[PDB]
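Quick heads-up: it's one chain on its own, the form solved without ligand DB1, in structure tokens.
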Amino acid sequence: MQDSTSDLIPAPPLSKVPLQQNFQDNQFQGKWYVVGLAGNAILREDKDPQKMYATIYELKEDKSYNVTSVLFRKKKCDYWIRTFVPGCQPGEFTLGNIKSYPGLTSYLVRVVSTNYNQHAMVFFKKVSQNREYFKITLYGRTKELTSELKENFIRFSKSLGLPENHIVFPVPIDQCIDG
């Protein structure tokens, strides 16, 4: 080292960090296909790639979401649920009961921009008693998306988020409706 190196990129603006308008819970609740995964505390290893899964957002008549994440087995798909609830208004939600929770310190969720006919992007941020990690995902609320969406998800995140940490889309297809 000790020579010209790669520190060219300037401070990345929020341009990769927009937020959904006043979209409503009562119609937003649905089932997306997990299509990319990036965060500072996320483990993307070439040796051990992450299989993609699915998650369904189901609102309840009490400004709250019960979210079902679907996973793949060798020939079965199973369900597990986490809850999400809007903070004070639409656009901001939290997970669990971090106010009442012991080792959960601060869980805030804010989807960036959805395109429910193609794709949507999530900004997930949370802390445990003393751990700080955040994750951003892109998934497909439709049966199919675009083949450009692969390069486009990398190039958009790359231009704004460069290769800072574990920010990639190690998510193949393998939709569980085909199994």
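In case it trips you up, residue 1 is the first one in the sequence shown, and so on.
Not pictured, yet referred to below: the form deposited with ligand DB1 bound.
Proximity of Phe93 to ligand DB1 in the entry with it bound: non-hydrogen atoms within 4.5 Å are absent; the residue sits far from the partner. Using a 4.5 angstroms limit between non-hydrogen atoms, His119 is distant from ligand DB1 in the entry with it bound. A residue is said to contact a partner when one of its heavy atoms sits within 4.5 Å of a partner heavy atom; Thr142 fails this definition for ligand DB1 in the entry with it bound, lying far away. The closest heavy atom approach of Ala41 to ligand DB1 in the entry with it bound falls within 4.5 Å.
Although the partner is absent from the chain shown here, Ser69, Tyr107 and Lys135 each have a heavy atom within 4.5 Å of ligand DB1 in the entry with it bound.
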